[PDB]
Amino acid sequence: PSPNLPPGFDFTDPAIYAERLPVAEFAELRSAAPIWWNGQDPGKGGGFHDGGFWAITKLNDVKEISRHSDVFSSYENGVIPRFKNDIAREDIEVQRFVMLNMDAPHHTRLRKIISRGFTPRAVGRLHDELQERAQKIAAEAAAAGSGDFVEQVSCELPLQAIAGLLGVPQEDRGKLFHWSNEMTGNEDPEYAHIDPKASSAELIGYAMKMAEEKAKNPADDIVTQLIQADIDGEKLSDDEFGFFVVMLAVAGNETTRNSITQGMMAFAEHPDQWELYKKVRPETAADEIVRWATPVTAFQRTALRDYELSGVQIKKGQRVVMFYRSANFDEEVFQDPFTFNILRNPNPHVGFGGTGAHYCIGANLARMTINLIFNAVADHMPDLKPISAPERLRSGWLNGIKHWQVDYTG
């Protein structure tokens, strides 16, 4: 029997996410049609005019698609499944210059060079400066009594993580944070005037300046390890470094910020978990927060050939959209998936995507960022309470919270 969904229901519809997460509709597919053709009417495909896509709602299918990168292509259509309906195909294809939208061997070369800047050591060297800044951010917010938890608690730390990682001088971080914020959310009315293409161009030019300058004066940031040829002469070109900063500026901003916001929303709704967190401060909460928040609701792939996924015949050229929001609540993998449990161990969520070639390289930078900020929130505003309901981001693939007015005192 066909799933009980409204006719023409598009799981990438930004109008849905502007108001809520379609949790019931996802649970419907998981039970009635775990792989389901999401038909899209002409001119309503978010920039893709192929008739629709396969909705992937089971965690095991999500992991299988991520492992079989040989078949399921990130390059053919990019991984973002929704833009403005009228986006030019060329603006979709320009994203193929960043590592995330690439296939092997091009992606294999970039990922190896980029791995020099995401070592455990490099990330861990930021721990003390980020812990200090997390405490300062929580105290500054708690002194204000009440305000916007999104802007006053969640925004700054993930952005300072990028600046610290990249070695951006303090006087340039406002420049960088603006460019990063100018690239996501252009389908929301609050951000209708941002220009991601223009912001990407200025960020590339600024990143090439940094690349040229840091060859002359090598430092101990990741940049030096990136633009430096190894014994094989392998390194990022100046423009390749530009496209990485563009990817990093976007990747390391809203996803962590929404983890933090939706993490505190879960704590506000599960006071038993909040009291437990303030007492034990378990770092496993970071993963449960990411599982709950699922900041990236979905990324997509295009099949390079016919493939049988869980009895469903995927035909060459069709898109598959991996709904991490649904897979992260798969009843087959998680015990009581709708219970917020900051002790969940092990926690094989696909919030950072399915294991494979494209697994999130900043996952532990994100986990550290989340853990430091919530320790600060517990340190300085342990009795905070929301004063109103959060405003959601109108986006077809990003689970965003624009604003959340909170009283940090009580």
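In this text, rigid core is short for the largest set of C-alphas that superpose within 1.5 Å between two forms. Start at 1 and count along the sequence shown; that's the residue number.
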item	value
More variable segment, 147-155 or 191-199 [Cα RMS over structures in 8 other deposited structures of this protein, core-superposed]	191-199
Larger mean CA deviation from the shown form in 8 other deposited structures of this protein [core fit; 74-82 vs 233-241]	233-241
Residue 220 dropped from a third or more of the other entries of this protein	yes
Comparing 321-329 with 211-219, the one whose average Cα B-factor in the PDB entry is higher	211-219
Mean C-alpha B-factor comparison - 69-77 and 121-129, higher one	121-129
Largest Cα B-factor, entry values, listed residues 358, 380, 58, 367	380
Residue with maximal Cα B-factor (values as given in the PDB entry) among 301, 89, 305, 278	278
Residue 389 - which third its CA temperature factor falls in, relative to the rest of the chain	highest
Third of the chain, ranked by Cα B-factor, where residue 191 sits	lowest
Record-listed C-alpha B factor of residue 82: chain third	lowest
Residue 199 - Cα temperature factor, lowest/middle/highest third of chain	highest
Modelled-residue ranking by C-alpha temperature factor, third containing residue 252	lowest
